[PDB]
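> Next up is a structure, given as structure tokens.
We did not get these values from a lab; they are worked out from the coordinates using the rules stated. Virtual Cβ from ideal backbone geometry, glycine too; neighbours counted across all protein chains shown.
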RNA sequence: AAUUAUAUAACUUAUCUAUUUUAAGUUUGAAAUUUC
RNA sequence: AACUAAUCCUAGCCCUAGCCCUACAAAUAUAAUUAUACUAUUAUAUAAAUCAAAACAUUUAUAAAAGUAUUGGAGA
């Protein structure tokens with residue numbers, strides 16, 4: 001036969017049914033929403049018009065994004081949107097020259113950054129672009145919190161964001177231990193990102209982790225039918241007394 | 001950072017279609033790559049003293065990895081935010 | 001080649017504060033998609049001579065610092 | 001039993017089943033029943049029925065008397081765990 | 001992860017189910033001795049199934065251990081082992097283990113180590129001899145069987161004499 | 001053979017590193033083109 | 001009216017339509033199907049080529065505008 005829904009809608013149906021529906025609304029919104037990462041290696045067409053070939057007249061234009069590969073190591077590091085470009089090159093930037101298989105490597109680094117919220121210095125893989133963003137963000141903690149997941153391009157950074165958001169949300173004394181006065185300043189300094197504790201927990205969680213977490217939340221030990229009947233019997237007897 | 005641009009224009013797909021890439025469309029041109037260039041300038045303040053590029057606490061503009069590989073690596077430089085920029089330069093007045 | 005070390009042997013997420021990574025301890029078996037749980041020492045509930053290990057000489061109550069040559 | 005080192009069998013008395021044989025002397029139930037005997041309407045026992053027959057009267061009497069509380073649910077027959085009984089309902093630890 | 005066939009807990013000089021546990025670090029100061037010149041007796045020169053050259057059983061003081069046999073090593077010989085680097089050269093007998101600073105230029109040596117503390121890795125085959133090409137202060141030049149002439153610190157240990165089967169290279 | 005051979009690999013210069021005052025050349029050749 | 005043979009109609013299938021879907025015991029991944037410890041535990045790269053270009057080398061698909069312009073050893 002023929003499937004009523006196309007294959008791509010199968011993923012949508014799965015998300016709309018089962019434990020996926022029972023997932024927290026705040027987390028579901030974060031997963032559902034998609035934000036484009038900031039372009040770094042390609043620019044969209046400046047002009048919106050160009051000459052159509054067949055008619056020889058001005059026409060609307062379209063944009064072809066350059067392919068950029070972001071390795072999982074970026075998800076374990078803090079890259080500022082830089083990525084590996086895999087493809088072919090024409091030597092000397094002229095079409096008349098030979099085609100050479102080329103892998104374009106942005107300069108990668110491992111560096112240490114201080115987090116005021118976590119009161120710890122983290123040594124992580126980073127690029128020069130990220131370092132400028134951190135300075136522009138007015139602090140490493142700001143960059144993690146301010147930058148969105150796609151622009152951040154780091155699962156660990158999102159995981160760091162999850163920890164930072166929860167730390168801000170709970171006003172946990174873990175921040176700057178033995179310095180309550182200093183702790184308040186950090187919370188006040190990063191007060192903008194204070195959010196409900198429930199939302200902060202699910203920030204950056206992977207789909208497999210989220211499904212297991214929701215399953216663990218909803219898993220409950222079997223009820224002894226003796227207790228269930230006791231509660232039912234008391235309710236009926238209590239109603240009878242009325 | 002590396003920047004490339006497609007050599008061959010891909011036929012426009014219109015309102016609701018995706019252009020079909022081909023072998024010639026897969027070739028890209030390198031408009032600019034930092035690898036071939038010498039290191040670009042980077043803004044950094046100094047957390048220690050380096051020979052003949054200044055002394056701790058000053059704001060110096062140095063080529064990106066040149067500053068990072070030498071200055072920041074040894075601890076001579078650190079990343080310069082505006083808040084610590086004024087604080088670090090202010091320390092130089094006291095230095 | 002002289003080998004220092006027996007020749008026989010020769011031919012982030014957790015650190016985060018505020019949350020704990022999920023592990024397959026609930027699964028009761030290893031699954032690639034879940035993190036490795038931390039397992040405390042196991043208690044059998046009884047002492048097995050087959051798996052019992054004699055303590056080193058120094059730990060023995062009868063241990064004497066002076067060496068007796070037998 | 002358990003085989004020790006050197007592949008020598010050592011019978012474990014505990015692991016050897018002991019046949020508990022009922023006393024059939026004076027027992028009127030036999031291999032067959034008369035065709036004279038009418039069949040009874042099947043009323044299988046269930047958790048609700050067992051609770052109704054045994055647990056409900058005790059709770060009902062206590063509730064009317066007012067001497068009912070959550071702490072004394074085990075008094076009416078609740079077992080927090082099956083451990084310690086020779087026959088454990090769950091996990092099953094006994095042979096038929 | 002493979003179960004080692006060398007499963008003996010303690011180093012022994014008796015054949016091990018046979019295989020004899022060899023020691024390629026010649027100067028291990030044995031019990032009741034200082035890290036200074038001490039002597040050992042070559043009890044028996046046997047053949048090691050797992051090594052090309054025949055092994056000489058060296059027994060000194062309170063410790064017995066197998067070692068590779070040199071060209072003239074035989075049962076009942078007395079072999080000296082010294083770690084002390086004397087101002088003047090220490091007396092050298094075939095097969096004795098001394099720092100290259102002790103050894104004199106031109107003596108054929110074997111069971112040499114490229115780096116101090118590495119242990120013998122060259123000239124352990126039958127009929128292989130390394131020539132001490134040059135010696136100055138704490139540096140010496142040893143011609144290894146690979147034909148690579150290498151310069152090493154005097155701390156390196158060299159055993160005088162060629163390895164057993166002296167005419168292995170002369171085989172026709 | 002004739003003509004070459006930014007497959008790779010090397011070196012040199014960049015690059016990238018230390019201090020401190022892959023790209024382009026060339027070479028090997030994965031090979032390519034043409035003839036005998 | 002002869003031996004060998006022959007006779008038969010349903011077993012089911014096929015294509016669209018419609019519809020997506022969200023439905024014993026015992027033993028077993030160890031050596032699967034071995035009633036209890038050992039030994040830690042695990043899939044998947046451009047899809048290619050064939051093929052077309054009568055060989056082969058870049059290359060070769062897999063509602064109207066319109067098989068038009070463009071692209072292409074401007075050739076399939």
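> Residues A:12, A:54: which one is away from RNA strand F (no atom under 16 Å from the Cβ) and surrounded by 11 or more Cβ atoms within 10 Å (Cβ to Cβ)?
The conditions single out A:12.
> Identify all residues within region C:15-39 that are assigned to a loop (DSSP other than H, G, I, E, B) and in contact with a strand residue (DSSP E or B) (Cβ under 8 Å, 6 or more places away or on another chain); write none if there are none.
Hits for region C:15-39 are C:21, C:22, C:24, C:34, C:36, C:37, C:38.
> Just name the residue that is farthest from residue A:155 (Cα to Cα) out of those in region A:199-234 that are exposed (fewer than 13 other Cβ atoms within 10 Å of the Cβ) and more than 14 Å from chain D (Cβ to nearest Cβ).
A:220
> For region B:1-40, name all the residues that are in contact with a helix residue (DSSP H, G or I) (Cβ under 7 Å, 6 or more places away or on another chain) and away from RNA strand G (no atom under 16 Å from the Cβ).
If the condition is that a residue be in contact with a helix residue (DSSP H, G or I) (Cβ under 7 Å, 6 or more places away or on another chain) and away from RNA strand G (no atom under 16 Å from the Cβ), then B:1, B:30, B:39, B:40 are the ones that fit.
> Let me ask another. Determine whether region D:56-65 contains at least one residue that is loosely packed, with under 10 Cβ neighbours inside 10 Å and either more than 23 Å from the chain's Cα centre (by Cα) or under 30 Å from residue A:232 (Cβ atoms) (or both).
Yes - at least one qualifying residue is present in region D:56-65.
> From the residues in region E:17-34 that are more than 14 Å from chain C (Cβ to nearest Cβ) and surrounded by 11 or more Cβ atoms within 10 Å (Cβ to Cβ), which one is farthest from residue E:165 (Cα to Cα)?
Result: E:33.
> Based on what the data block shows, is residue E:123 away from chain C (no Cβ under 14 Å), surrounded by 18 or more Cβ atoms within 10 Å (Cβ to Cβ) and in contact with a strand residue (DSSP E or B) (Cβ under 6 Å, 6 or more places away or on another chain)?
Answer is no for this residue.
> Which of the residues spanning region C:7-25 are over 30 Å from residue A:121 (Cβ atoms) and surrounded by 14 or more Cβ atoms within 10 Å (Cβ to Cβ)?
Of everything in region C:7-25, just one residue is over 30 Å from residue A:121 (Cβ atoms) and surrounded by 14 or more Cβ atoms within 10 Å (Cβ to Cβ), namely C:24.
> Restricting to region A:109-131, what's the tally of residues that are within 12 Å of chain B (Cβ to nearest Cβ) and away from RNA strand F (no atom under 16 Å from the Cβ)?
Residues meeting the conditions: 4.
> Still on this structure, I have one more. Does region A:87-108 hold any residues that are near RNA strand F (Cβ under 8 Å from one of its atoms), closer than 10 Å to residue B:29 by Cα and surrounded by 16 or more Cβ atoms within 10 Å (Cβ to Cβ), and which are they?
Result: A:89, single match.
> Continuing with the same structure: Among the helices (runs of 4 or more DSSP H) contained in region A:101-173, which hold 1 or more residues that are within 28 Å of residue B:5 (Cα to Cα)?
Where helices (runs of 4 or more DSSP H) fall fully within region A:101-173 and carry at least 1 residues being within 28 Å of residue B:5 (Cα to Cα), they are A:128-136, A:149-152.
> From A:3, A:26, grab the single residue that is more than 16 Å from RNA strand F (Cβ to nearest atom), more than 10 Å from chain B (Cβ to nearest Cβ) and touching a helix residue (DSSP H, G or I) at 6+ places or on another chain (Cβ under 6 Å).
Checking each option against the conditions leaves just A:26.
> Restricting to region B:6-34, count the residues that are under 24 Å from the mean Cα position of the chain (by Cα) and within 7 Å of another protein chain (Cβ to nearest Cβ).
6
> Can you name every residue in region A:147-166 that is out of contact with any helix residue (DSSP H, G or I) (no Cβ under 8 Å at 6 or more places or on another chain) and under 20 Å from residue A:40 (Cβ atoms)?
Once the filter is applied, which keeps residues that are out of contact with any helix residue (DSSP H, G or I) (no Cβ under 8 Å at 6 or more places or on another chain) and under 20 Å from residue A:40 (Cβ atoms), region A:147-166 yields A:148, A:150, A:151.
> In addition: For region A:23-41, what are the residues that are surrounded by 13 or more Cβ atoms within 10 Å (Cβ to Cβ) and closer than 24 Å to residue A:211 by Cα?
Selection gives A:23, A:24, A:26, A:27, A:28, A:30, A:31.
> Where residues in region A:82-100 are touching a helix residue (DSSP H, G or I) at 6+ places or on another chain (Cβ under 7 Å) and part of a strand (DSSP E or B), which of them is farthest from the other protein chains (Cβ to nearest Cβ)?
Among those that are touching a helix residue (DSSP H, G or I) at 6+ places or on another chain (Cβ under 7 Å) and part of a strand (DSSP E or B), it is A:100.
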